[PDB]
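Quick setup: one chain, the form deposited in one PDB entry, written in structure tokens, and binding and motion questions come after.
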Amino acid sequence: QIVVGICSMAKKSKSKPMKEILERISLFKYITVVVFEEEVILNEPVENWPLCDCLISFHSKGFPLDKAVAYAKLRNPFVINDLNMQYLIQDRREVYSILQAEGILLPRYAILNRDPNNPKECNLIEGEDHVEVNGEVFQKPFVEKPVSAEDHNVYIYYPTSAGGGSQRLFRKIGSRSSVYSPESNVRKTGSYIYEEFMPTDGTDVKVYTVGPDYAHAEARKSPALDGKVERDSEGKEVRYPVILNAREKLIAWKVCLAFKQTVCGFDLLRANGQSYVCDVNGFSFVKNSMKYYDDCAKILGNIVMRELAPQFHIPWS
């Protein structure tokens, strides 16, 4: 049997989407799925972790990525989502750098790197309706993102013509994803990316790749709108149908390969007749789509068979 090892925190390994996909991968005649226990991941040396021939492993809060890296170096499995790139995905500066290198449209942006010992010495000038970051001007509205991609406290600053103030976004809590603040001045501690505000129809397109030739997309109300979350009777956030155009399918292909994340989520802003990537999240499954579960499991199983069947002497077509 070809062994597919799943190495992530229990919140992710035991999530409904994961269980749905793993039960389908297990239907492959020659594949056995082994899910690494969280206590093993956290507390056992990598020399004691189960063997696998193919490793599906990804970082989330609390995950020891150094250990996953060392395990992959020790056992040299076929890796679905590259582990070293998951360090880079944690830093928005690195993500935007890669997007640019790949010719991928993204918002105009500038990085404000601030010395926490000398926070006033950074290259920021503030006016009432703009900032200048390293000399580069952003007229309001503009967006201010923590350099850490794991920090979801993204702020939007409104122009005086709109009443000023700001929208403070955050990881959703029940009914809300953002709140208005009367504060018009930018944050004065921390490092940020400042970027131009892309006007959309008030929705975000969320894209989910399974390899570079498959992507599911769906739309959700932008948290930047009023911050009330649309929920169904099951308490799931409301999603809207999307079909990606030819340009956007290429974007997905590029993102998947550039970040070496077979399973990869990222966000698109449909604005001004083009589509701009504003965030790359790495490993993420679509939730609540039976067809995606089927498709994702089939594609992953096929990738495993295509790579490893010859060395196992298993016929595969």
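A residue's number is simply how far along the shown sequence it sits, counting from 1. Only residues modelled in both forms are compared. Here, rigid core means the biggest group of C-alpha atoms that superpose within 1.5 Å across both forms.
Omitted here: the form deposited in another entry. The next part is about that form.
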{"item": "Core-superposed comparison between this form and the one not shown - Cα displaced by 2 angstroms or more, from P212, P119, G164, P146", "value": "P119"}
{"item": "Core-superposed C-alpha of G235 shifting 2 Å or more between this form and the one not shown", "value": "yes"}
{"item": "Regions of at least 3 residues displaced between this form and the one not shown by 2 angstroms or more (CA, core superposed)", "value": "116-122, 232-236"}
